[PDB]
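The form solved without its partner chain is given below as one chain in structure tokens.
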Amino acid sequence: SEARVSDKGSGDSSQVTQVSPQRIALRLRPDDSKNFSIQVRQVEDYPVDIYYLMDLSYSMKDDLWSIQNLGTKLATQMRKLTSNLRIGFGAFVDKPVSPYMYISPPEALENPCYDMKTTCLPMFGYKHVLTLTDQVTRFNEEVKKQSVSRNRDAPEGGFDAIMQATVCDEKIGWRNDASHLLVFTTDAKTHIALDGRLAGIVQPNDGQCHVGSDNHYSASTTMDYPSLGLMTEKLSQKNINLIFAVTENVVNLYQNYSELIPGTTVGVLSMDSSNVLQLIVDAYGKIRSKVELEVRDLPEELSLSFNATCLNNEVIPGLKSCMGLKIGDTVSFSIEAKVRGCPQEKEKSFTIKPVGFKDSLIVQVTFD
């Protein structure tokens, strides 16, 4: 009864194997229960999705730079943290309705800054110009080309931008296996779920995407701002890490805002955008992944058993997974086989699939 493994390298960019030697051969007979051990230490970076949200209203007279600077820094900051980064953006000013959108003269519709002897693009719905792409260079180029528009009242409706961002899975992008970060930038006491009465807008915000064929938010003029509890629901449902990245004039209000929506944290926008970069890194330590193995191509025989010699030298029979693995943790799995009966075959093999992992464990048995 022989059993001989081959891939002793503990991970590499070229040597992409994240496991021990993963090719094991053995010679056995019926009821020859053999044992061997594998190390599945994970040395791969973590996946992430980041969404950048802006107000970009006339309240941002000269505060638009703070939004533009953070988006670029947030892009390059997490690239260092991880190479699995996907980034994008989407913008929102306020609802296109009577008390905000400057509907009375024919001149204002194309320019609500007409009376101020300056131009501003017509105030719009939630329009995101970029889906999550690995192109970092396209994100900061596109995100810097957008400008501001004007609404009548000081509060802005960037809360609808959060709600649409967290429900439009494919229009702007969401990966199932990655962590999701949503940074929302504003500088005003945003409308909260009931300001649409003054606008004739009396439809509660929904957990549905409404970007539509055009990039503009279709329901921006017929449904209200989202509830603060609704944003709590959709955020945790889709594993969104929200960051109320706001200004110092309203940080205290948004601090007390975060204590009501769990998992949320704030950051004072400025030239030194470190109020949020040291925040997204905090979320990096909370998105630690897990290791789990699977069985495939097994020819209805060759029973397998696993022992969970997982973190901090803890042993528990039967288990086959341990959670909360940072990069570099060496979880081992002592695997024992159990062959039954006599298959009508001489050479057979089958593969063990570490879930989520590129490599796999393959065992070949020559038997009679």
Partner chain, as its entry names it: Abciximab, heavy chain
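Take the two forms, find the largest set of C-alpha atoms that superpose within 1.5 Å, and that set is the rigid core. Residue numbers count along the first chain shown, from 1.
There is another form of this protein, the form deposited with its partner chain bound, and it is not shown here; the text below is about that form.
**Q** Whether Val148 contacts its partner chain in the deposited complex should be assessed with a 4.5 Å heavy atom distance threshold; does it?
**A** Close contact exists here: in the deposited complex, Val148 approaches its partner chain to within 4.5 Å, heavy atoms only.
**Q** So, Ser213 and its partner chain: in the deposited complex, are they within 4.5 Å at any heavy atom pair?
**A** Close contact is absent here: in the deposited complex, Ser213 is far from its partner chain, nothing within 4.5 Å, heavy atoms only.
**Q** With the partner left out here, check for me: in the deposited complex, does some heavy atom of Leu279 sit within 4.5 Å of its partner chain?
**A** Heavy-atom contact with its partner chain at 4.5 Å: absent for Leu279.
**Q** Does its partner chain come within 4.5 Å of any heavy atom of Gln135 in the deposited complex?
**A** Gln135 lies outside the contact set for its partner chain.
**Q** In the deposited complex, which of 42 to 50, 57 to 65, 29 to 37, 330 to 338 comes within 4.5 Å of its partner chain (heavy atoms)?
**A** Selected stretch: 57 to 65.
**Q** Sort through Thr265, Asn111, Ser179, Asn275 and report the residue having a heavy atom within 4.5 Å of its partner chain in the deposited complex.
**A** Of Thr265, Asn111, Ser179, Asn275, the residue with a heavy atom within 4.5 Å of its partner chain in the deposited complex is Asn111.
**Q** Heavy atom within 4.5 Å of its partner chain in the deposited complex: which of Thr119, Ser218, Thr76, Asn239 fits that? Just give me the one.
**A** Flagged contact: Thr119.
**Q** My question is whether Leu269 is one of the residues whose C-alpha shifts by 2 Å or more between this form and the one not shown, given a fit on the rigid core.
**A** No; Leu269 is a residue whose C-alpha shifts by less than 2 Å between this form and the one not shown when the cores are overlaid.
**Q** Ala75: with the rigid core matched between this form and the one not shown, does its Cα shift 2 Å or more?
**A** Yes, shifts by 2 Å or more.
**Q** Taking the rigid core as reference, does the Cα of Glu294 move 2 Å or more between this form and the one not shown?
**A** Yes, its C-alpha moves 2 Å or more.
**Q** Closer or farther: the C-alpha atoms of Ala75 and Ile162 in the deposited complex, versus the form shown, with a change of 3 angstroms or more?
**A** Farther, not closer.
**Q** Report the direction of the Cα distance change between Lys234 and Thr72 in the deposited complex, compared with the displayed form, as closer or farther; the change is 3 Å or more.
**A** It is farther: the C-alpha separation of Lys234 and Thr72 rises by at least 3 Å in the deposited complex.
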